[PDB]
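Input: a single structure, listed below in structure tokens.
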Amino acid sequence: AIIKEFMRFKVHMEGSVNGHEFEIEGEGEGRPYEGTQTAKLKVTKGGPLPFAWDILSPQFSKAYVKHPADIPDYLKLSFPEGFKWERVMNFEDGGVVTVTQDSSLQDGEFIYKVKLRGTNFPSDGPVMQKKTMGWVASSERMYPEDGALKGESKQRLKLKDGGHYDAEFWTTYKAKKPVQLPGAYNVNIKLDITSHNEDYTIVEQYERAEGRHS
């Protein structure tokens with residue numbers, strides 16, 4: 001009804017990483033009930049970015065998660081009003097990214113507003129040196145708490161030297177109206193950079209996400 005089988009979205013992000021300010025504008029589309037989506041991002045200020053694109057890619061859409069019938073789809077149920085989320089990403093070398101986001105529905109399209117602050121990344125580290133090569137497939141553990149939906153997950157970036165660069169994600173998702181929260185469950189996530197230009201000022205992403213029982 002409100003969330004149709006094919007849905008587009010528009011996303012604006014403003015942020016700074018190690019003090020470098022930037023903006024990104026993107027448009028996306030996907031199949032909310034099949035858990036698939038793609039997005040085309042364009043850097044509109046601060047380009048080219050002097051840091052790894054990978055730290056931004058997870059911020060560009062949980063209305064597109066395939067849920068079984070016995071797990072309440074809290075975030076789809078939040079619409080048309082929508083929801084907000086806030087995220088902490090702690091990286092193993094001290095790098096930190098904090099994100100806040102608002103999701104609404106306007107004229108049949110999702111509208112995403114993102115604010116992002118990355119700090120304390122070592123100048124020598126893989127993020128500021130652009131040595132990351134995408135996220136390994138991951139699983140986010142979901143659980144209700146204090147009237148919100150929370151998720152935590154261990155994440156891992158592949159590196160150019162064959163190594164890995166690990167992070168811990170904490171996110172809180174809060175609907176703008178009281179709708180039904182699920183029990184605990186797992187969301188399996190595959191996030192891919194499907195194409196990009198040389199300086200990563202134009203990037204395309206694909207994500208598949210599906211809720212499964214713990």
Side-chain angles (χ1 to χ4, degrees), residues 8-30 37-64 82-104 106 109-136 138 153 155-161 164-173 189 191-197 199-207:
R8 304 188 171 276
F9 68 84
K10 303 180 182 142
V11 59
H12 166 82
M13 171 188 288
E14 44 189 55
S16 72
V17 176
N18 274 21
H20 181 100
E21 310 194 303
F22 65 92
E23 289 187 28
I24 290 173
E25 308 245 271
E27 307 82 32
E29 67 196 67
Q37 60 180 133
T38 56
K40 306 167 162 42
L41 302 319
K42 302 191 175 64
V43 171
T44 53
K45 298 179 189 166
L49 304 180
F51 55 87
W53 180 272
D54 285 326
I55 66 171
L56 307 180
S57 60
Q59 332 307 336
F60 300 120
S61 43
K62 288 299 219 63
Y64 297 84
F83 64 103
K84 308 180 121 79
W85 58 265
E86 321 178 54
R87 174 170 295 165
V88 166
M89 294 150 64
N90 278 338
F91 290 85
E92 71 172 279
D93 61 354
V96 171
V97 182
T98 67
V99 191
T100 62
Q101 198 263 19
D102 186 281
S103 295
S104 60
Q106 294 173 223
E109 301 200 4
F110 295 123
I111 305 304
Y112 300 156
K113 307 302 208 181
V114 190
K115 297 178 179 175
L116 180 147
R117 187 226 295 125
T119 53
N120 204 43
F121 284 101
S123 61
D124 54 291
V127 167
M128 303 305 299
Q129 293 295 129
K130 293 146 117 167
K131 288 154 169 172
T132 64
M133 295 293 291
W135 301 94
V136 179
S138 63
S153 76
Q155 298 278 332
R156 169 164 286 185
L157 281 159
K158 297 169 279 186
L159 296 182
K160 288 188 174 54
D161 61 20
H164 61 269
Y165 176 58
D166 291 348
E168 293 187 87
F169 283 31
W170 291 272
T171 315
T172 300
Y173 311 85
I189 288 172
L191 174 57
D192 293 327
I193 306 303
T194 54
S195 79
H196 64 82
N197 63 1
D199 60 5
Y200 283 83
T201 53
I202 309 290
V203 181
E204 300 198 356
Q205 317 192 163
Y206 167 90
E207 184 173 271

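Note that the numbering runs from 1 along the sequence shown for the chain.
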Could you state the interatomic distance from [atom1] ([X]) to [atom2] ([Y]), rounded to the nearest 0.5 Å?
{"X": "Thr44", "Y": "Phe22", "atom1": "OG1", "atom2": "CZ", "answer": "9.5 Å"}
{"X": "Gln101", "Y": "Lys62", "atom1": "CD", "atom2": "NZ", "answer": "11.5 Å"}
{"X": "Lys131", "Y": "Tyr165", "atom1": "NZ", "atom2": "OH", "answer": "11.5 Å"}
{"X": "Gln205", "Y": "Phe60", "atom1": "CD", "atom2": "CZ", "answer": "6.0 Å"}
{"X": "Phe169", "Y": "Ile189", "atom1": "CZ", "atom2": "CD1", "answer": "9.0 Å"}
{"X": "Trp85", "Y": "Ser103", "atom1": "CH2", "atom2": "OG", "answer": "8.0 Å"}

What verdict does the salt bridge (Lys or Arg N to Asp or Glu O under 4.0 Å) test give for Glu25 and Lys42, after you've listed the backbone C-alpha separation in whole Å, the side-chain angles of each residue and the deciding distance to 0.1 Å?
CA-CA 5 Å; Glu25 308 245 271; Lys42 302 191 175 64; over 6 Å; no

Taking [Y]'s backbone N and O only, do any of them form a donor-acceptor pair with [X]'s side chain (distance below 3.5 Å, no angle check)?
{"X": "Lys130", "Y": "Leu49", "result": "yes"}
{"X": "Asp166", "Y": "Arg156", "result": "no"}
{"X": "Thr194", "Y": "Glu204", "result": "yes"}

Please name the residue in the list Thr132, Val127, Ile193 that meets the side chain to side chain contact (heavy atoms under 4.5 Å, CB included) test with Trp53.
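Between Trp53 and the candidates, side chain to side chain contact (heavy atoms under 4.5 Å, CB included) is satisfied uniquely by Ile193.
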
Using a strict cut-off of less than 4.0 Å between a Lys/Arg side-chain nitrogen and an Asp/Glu carboxylate oxygen, indicate whether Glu29 and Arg8 qualify as a salt bridge.
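Yes, charged N to carboxylate O under 4.0 Å.
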
Check residues 110-125 and write down every donor-acceptor pair under 3.5 Å in which the side-chain atom is one partner and the other belongs to a residue at least two apart or another chain.
{"from": "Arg117", "atom 1": "NH1", "to": "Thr98", "atom 2": "OG1", "distance (Å)": "3.0"}
{"from": "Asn120", "atom 1": "ND2", "to": "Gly94", "atom 2": "O", "distance (Å)": "3.0"}

Under the side-chain contact (heavy atoms from CB on, under 4.5 Å) criterion, do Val88 and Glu168 qualify, and how do the steps go?
CA-CA 8 Å; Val88 166; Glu168 293 187 87; over 6 Å; no

Under the side chain to side chain donor-acceptor pair (under 3.5 Å) rule, collect the residues that match up with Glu23, sequence neighbours excluded.
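Residues passing side chain to side chain donor-acceptor pair (under 3.5 Å) with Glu23: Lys45.
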
Which heavy-atom pair separates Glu92 from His164 by the least distance, and what is that distance?
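Nearest pair, atom of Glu92 first, then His164: OE2-O, 4.0 Å.
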
Would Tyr200 and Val43 satisfy side-chain contact (heavy atoms from CB on, under 4.5 Å), going step by step from the backbone distance to the final call?
CA-CA 8 Å; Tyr200 283 83; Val43 171; over 6 Å; no

Kindly check if the number of other-residue, nucleotide or ligand heavy atoms within 6.0 Å of CE (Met133) is above 12?
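Open.
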
Between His20 and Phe51, how do the two ring planes meet: parallel, tilted or perpendicular, split at 30° and 60°?
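Ring orientation, 0 to 90° scale: perpendicular.
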
When you compare the side chain of [Y] with that of [X], does any pair of heavy atoms fall below 4.5 Å?
{"X": "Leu157", "Y": "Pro126", "result": "no"}
{"X": "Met128", "Y": "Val17", "result": "yes"}
{"X": "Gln155", "Y": "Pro58", "result": "no"}

Going by atom types only, do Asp199 and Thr201 share a side-chain donor-acceptor pair under 3.5 Å?
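Distance-only check passes for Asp199 and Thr201.
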
